[PDB]
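Take a look at the structure below.
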Amino acid sequence: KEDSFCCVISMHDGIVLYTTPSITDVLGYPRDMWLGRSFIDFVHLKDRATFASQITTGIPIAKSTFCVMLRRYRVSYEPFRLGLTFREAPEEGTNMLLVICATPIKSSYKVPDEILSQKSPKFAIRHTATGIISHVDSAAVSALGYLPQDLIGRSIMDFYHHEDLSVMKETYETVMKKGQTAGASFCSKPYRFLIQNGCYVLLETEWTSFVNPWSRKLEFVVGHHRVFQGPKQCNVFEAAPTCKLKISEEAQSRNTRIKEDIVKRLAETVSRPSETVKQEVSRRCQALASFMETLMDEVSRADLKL
Amino acid sequence: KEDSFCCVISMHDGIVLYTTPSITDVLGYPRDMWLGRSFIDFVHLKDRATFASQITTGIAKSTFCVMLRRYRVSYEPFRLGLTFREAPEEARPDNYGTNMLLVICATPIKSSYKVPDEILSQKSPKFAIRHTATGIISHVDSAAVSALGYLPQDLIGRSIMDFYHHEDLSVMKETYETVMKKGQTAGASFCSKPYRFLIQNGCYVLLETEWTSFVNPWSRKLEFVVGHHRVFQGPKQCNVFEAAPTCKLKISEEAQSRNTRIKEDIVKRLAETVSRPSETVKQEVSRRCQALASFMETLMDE
Numbered sequence: 236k237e238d239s240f241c242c243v244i245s246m247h248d249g250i251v252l253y254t255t256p257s258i259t260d261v262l263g264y265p266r267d268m269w270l271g272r273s274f275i276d277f278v279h280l281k282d283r284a285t286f287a288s289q290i291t292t293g294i295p296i307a308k309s310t311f312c313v314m315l316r317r318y319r333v334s335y336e337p338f339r340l341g342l343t344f345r346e347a348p349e350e361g362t363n364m365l366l367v368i369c370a371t372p373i374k375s376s377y378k379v380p381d382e383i384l385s386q387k388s389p390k391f392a393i394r395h396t397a398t399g400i401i402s403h404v405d406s407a408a409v410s411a412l413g414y415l416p417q418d419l420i421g422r423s424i425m426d427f428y429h430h431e432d433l434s435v436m437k438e439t440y441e442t443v444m445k446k447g448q449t450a451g452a453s454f455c456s457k458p459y460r461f462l463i464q465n466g467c468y469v470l471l472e473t474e475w476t477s478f479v480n481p482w483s484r485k486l487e488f489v490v491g492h493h494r495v496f497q498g499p500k501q502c503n504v505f506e507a508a509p510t511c512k513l514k515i516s517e518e519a520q521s522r523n524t525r526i527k528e529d530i531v532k533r534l535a536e537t538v539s540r541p542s543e544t545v546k547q548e549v550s551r552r553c554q555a556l557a558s559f560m561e562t563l564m565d566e567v568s569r570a571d572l573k574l
Numbered sequence: 236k237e238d239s240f241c242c243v244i245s246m247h248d249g250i251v252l253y254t255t256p257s258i259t260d261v262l263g264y265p266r267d268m269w270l271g272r273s274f275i276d277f278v279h280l281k282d283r284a285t286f287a288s289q290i291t292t293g294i307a308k309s310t311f312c313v314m315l316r317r318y319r333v334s335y336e337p338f339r340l341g342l343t344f345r346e347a348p349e350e351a352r353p354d355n356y361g362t363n364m365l366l367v368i369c370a371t372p373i374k375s376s377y378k379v380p381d382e383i384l385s386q387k388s389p390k391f392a393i394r395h396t397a398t399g400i401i402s403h404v405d406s407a408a409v410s411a412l413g414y415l416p417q418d419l420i421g422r423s424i425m426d427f428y429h430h431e432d433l434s435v436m437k438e439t440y441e442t443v444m445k446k447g448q449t450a451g452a453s454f455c456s457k458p459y460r461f462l463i464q465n466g467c468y469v470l471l472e473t474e475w476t477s478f479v480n481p482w483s484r485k486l487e488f489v490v491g492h493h494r495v496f497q498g499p500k501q502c503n504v505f506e507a508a509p510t511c512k513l514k515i516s517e518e519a520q521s522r523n524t525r526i527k528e529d530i531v532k533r534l535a536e537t538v539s540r541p542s543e544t545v546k547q548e549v550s551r552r553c554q555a556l557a558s559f560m561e562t563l564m565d566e
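Chains as they are written, first to last, in the authors' numbering: chain A, 236 to 296, 307 to 319, 333 to 350, 361 to 574; chain B, 236 to 294, 307 to 319, 333 to 356, 361 to 566.
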């Protein structure tokens with residue numbers, strides 16, 4: 236197992252009816268203090284919209310599992339991986365019941381400036397051509413300290429250390445060149461990334477991308493991350509503990525320009541040249557034709573028939 | 236089986252590499268006329284953003312509807341089947361990265377009606393449609409394509425209000441007033457009497473609905489309405505896809521206006537916060553510790 240508590244909400248007024256005893260151990264709340272209270276009253280403001288959008292797109296008219314920050318009793335908020343489950347009323361129109369299973373999320377690091385190996389939490393963050401994070405893997409939470417909803421929406425550029433904007437511009441220029449060939453990937457030298465507590469970590473990234481074959485423009489960039497070196501601060505969830513400052517003029521201005529260029533270049537069209545003419549070695553190759561004839565059936569059957 | 240063709244696209248340049256011979260009997264295209272060409276060129280304009288988003292978020308497997316042009333121009337609805345398979349690594353002749365292959369099977373969609381003013385049967389189309397508190401259509405079942413003539417994308421994003429016959433806007437209001445009344449009881453439904461619904465071709469059909477909704481229990485606001493429809497009476501024109509020029513009219517002032525003002529009263533009624541009282545209190549919530557704990561026990565061994 237792992238320290239976790241469940242609670243039972245009423246889909247009529249959103250009040251909490253039952254809380255497992257473990258509630259006092261995991262969050263400090265007295266056995267039956269949650270009783271009768273509104274459940275979202277314990278869900279941090281920044282996460283309610285994520286919560287609302289989850290019980291809206293999940294209601295019955307695994308099962309949904311997302312993250313949120315709950316508050317501790319008698333202030334601080336802590337990260338929880340919640341498991342929603344809708345089931346009909348028991349005991350003695362339909363009365364619905366929501367059962368939530370909150371299990372705490374804890375920081376990936378054991379020592380300051382940890383250098384990781386194979387026990388290393390690998391994870392992917394994906395962003396659009398204009399640099400807006402659209403997806404983040406589960407793993408990313410314990411490693412960076414952000415909840416998926418804390419990153420999605422924001423610009424990936426807000427996380428590259430200011431001194432490193434020029435080195436990132438070259439990594440991104442490399443990503444666009446690699447775009448000439450689909451699936452062409454590449455690992456880059458470890459760079460600093462801003463994590464929840466203001467500290468920076470070194471991330472080793474494998475960069476891949478998707479270019480729309482019809483339009484030839486960049487759809488999204490996805491970095492497969494692994495933390496090369498952890499933060500000075502082990503806890504990745506506490507409030508900003510030191511570490512911040514920069515030279516106004518030549519920085520924010522030079523930096524804002526560099527980002528301007530990266531996004532400029534990412535919008536640029538990629539080359540996918542018409543080499544396919546000599547390629548009538550495969551246009552005439554009996555092997556390829558047979559495979560594709562079959563490929564056409566392995567699919568024509570599967571999807572439309574079942 | 237059911238009439239259908241399949242093409243194999245290159246994810247590199249987006250051109251089509253292989254085609255089934257049935258392409259000719261389905262779309263009318265000369266067997267290998269499609270080879271070498273860019274696939275979107277055959278996908279209707281209004282369905283390009285749908286086709287783009289689909290391969291993008293997808294790179307059973309993805310399956311959606313799109314309009315494709317025949318060989319002449334007219335277009336026809338098609339249920340596609342996308343499958344991404346890795347292009348068998350070249351024997352060793354050309355490119356030194362991985363090549364991805366897009367396989368697409370297109371089976372033609374046909375109208376759900378054989379004869380005009382089709383009466384209700386077990387064979388009659390049943391499909392649910394969902395719209396937000398403000399009336400924007402957010403979800404439409406696959407069953408509704410052959411029944412109304414609209415492909416999901418032609419419906420998602422529009423106002424549900426744009427489809428009620430102009431003479432029914434007053435009767436639709438009380439129905440909506442009933443949705444909101446029932447919204448006082450979670451999961452309470454009610455069947456409404458048959459009403460007109462505009463279909464792609466301009467004709468109307470009779471839709472008998474069983475209306476249900478979801479009200480956020482924390483905000484006390486209506487979240488969305490879902491209507492389970494059953495086509496009571498079919499369109500005057502069987503083929504719901506080809507726009508038929510036999511249905512029209514206009515009437516401004518006390519119609520265009522008075523009606524457009526009614527839609528608001530309705531959509532303003534949907535904005536009202538619903539009441540969720542409680543003839544239950546304090547210790548009653550703790551009287552159920554044993555009851556709810558046991559419930560949550562069995563919900564655990566699962």
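Heads up, the beta-carbon is just placed ideally off N, CA and C, and yes, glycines get one too.
- Is the region 259-266 of chain B touching the region 382-393 of chain B in the sense that three or more CB pairs, one from each, lie closer than 8 angstroms? no
- Amino acids of chain A, ordered along the chain, whose beta-carbon sits closer than 8 angstroms to that of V367/B: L563, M564 and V567
- Residues that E487/B contacts on chain A, provided the C-beta gap is smaller than 9 angstroms: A287, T291 and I294
- Task: Could you tell me whether the region 416-433 of chain B touches the region 513-530 of chain B, where touching means 3 or more Cβ pairs closer than 8 angstroms?
- Result: yes
- Select from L270/A, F391/A, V367/A and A535/A the residue whose C-alpha is nearest the C-alpha of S376/A. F391/A
- Of all Cβ atoms in chain A, is any one closer than 8 angstroms to the Cβ of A284/B? no
- Message: If you follow the alpha helix (DSSP H) that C553/A is in, where does it begin and where does it stop?
- Response: Where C553/A is concerned, there is no enclosing alpha helix (DSSP H), given that its DSSP letter is neither H nor E.
- Item | Distance between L365/B and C242/B (C-alpha atoms, nearest Å) | 10 angstroms
- Query: Quick one: what does DSSP say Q547/A is sitting in, helix, strand or coil?
  - Reply: coil
- Message: Please classify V443/A as buried or exposed, where buried requires at least 16 other C-beta atoms within 10 Å of its C-beta.
- Response: buried
- What residues in the region 453-470 of chain A bring their beta carbon closer than 7 angstroms to a beta carbon of chain B? none
- Message: At the level of alpha carbons, what is the spacing between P499/A and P481/A?
- Response: 40 angstroms
- Given a limit of 9 angstroms on CB to CB distance, which residues of the region 242-263 of chain B reach chain A? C242, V243, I244, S245, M246, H247, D248, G249, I250, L252, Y253, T254 and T255
- Item | Supposed contact pair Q417/B and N465/B - C-beta distance, whole angstroms, cut 8 angstroms | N465/B to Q417/B, Cβ: 17 angstroms. No contact.
- What number of angstroms, rounded off, separates the C-alpha of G413/B from the C-alpha of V469/B? 11 angstroms
- Item | Bridge-paired residues (DSSP) for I296/A | Paired residues: none, contrary to the question.
- Message: For the region 473-493 of chain A against the region 535-545 of chain A, do three or more pairs of beta-carbon atoms, one drawn from each stretch, fall closer than 8 angstroms, so that the two count as touching?
- Response: yes
- Task: Determine the burial state of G249/A: buried for a count of at least 16 other Cβ atoms within 10 Å of its Cβ, exposed for fewer.
- Result: buried
- Task: Starting from the Cα of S410/A, find the closest Cα among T396/A, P372/A and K437/A and give me that residue.
- Result: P372/A
- Message: Looking at chain A, is there any beta carbon in it that lies within less than 8 angstroms of the beta carbon of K308/B?
- Response: yes
- Query: Got a sec: does the ligand GTP put a non-hydrogen atom nearer than 7 angstroms to the Cβ of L470/A?
  - Reply: Ligands are entirely absent from the displayed structure, and the ligand GTP is therefore not among its contents.
- For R540/B, return the contacting residues in chain A, with the cut-off set at a CB-CB distance below 8 angstroms. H247 and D248
- Cβ-based burial, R394/A [other Cβ within 10 Å; buried from 16]: buried
- Item | CA-to-CA distance, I368/B to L342/B, given in whole angstroms | 5 angstroms
- Close beta carbons around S402/A, own chain, < 8 angstroms, minus the five adjacent residues each side: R394, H395, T396, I420 and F488
- Query: Going along chain B in order, which residues have a C-beta closer than 8 angstroms to the C-beta of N503/A?
  - Reply: Neighbours of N503/A on chain B: none; closest Cβ ~31 angstroms, over 8 angstroms.
- Task: Output the distance between the C-alpha atoms of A307/B and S334/A, rounded to the nearest integer angstrom.
- Result: 44 angstroms
- Query: Can you tell which of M246/B, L270/B and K446/B has the C-alpha that lies nearest to the C-alpha of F454/B?
  - Reply: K446/B
- For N503/A, the three-state DSSP class (helix, strand or coil): coil
- Message: Between the alpha carbons of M268/A and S550/B, how many angstroms are there, rounded?
- Response: 10 angstroms
- Query: So what does DSSP say about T510/A, is it helix, strand or coil?
  - Reply: coil
- Query: Of all the CB atoms in chain A, is at least one closer than 8 angstroms to the CB of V549/B?
  - Reply: yes
- Task: Would you tell me roughly how many angstroms separate the C-alpha atoms of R345/A and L563/B, rounded to the nearest one?
- Result: 9 angstroms
- Just the C-alpha distance for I275/B and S542/A, rounded to the nearest angstrom, thanks. 17 angstroms
- Task: Using the Cα positions of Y318/B and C467/B, report the straight-line distance between them to the nearest angstrom.
- Result: 28 angstroms
- Task: Express the C-alpha separation of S288/A and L252/A in angstroms, rounding to a whole number.
- Result: 22 angstroms
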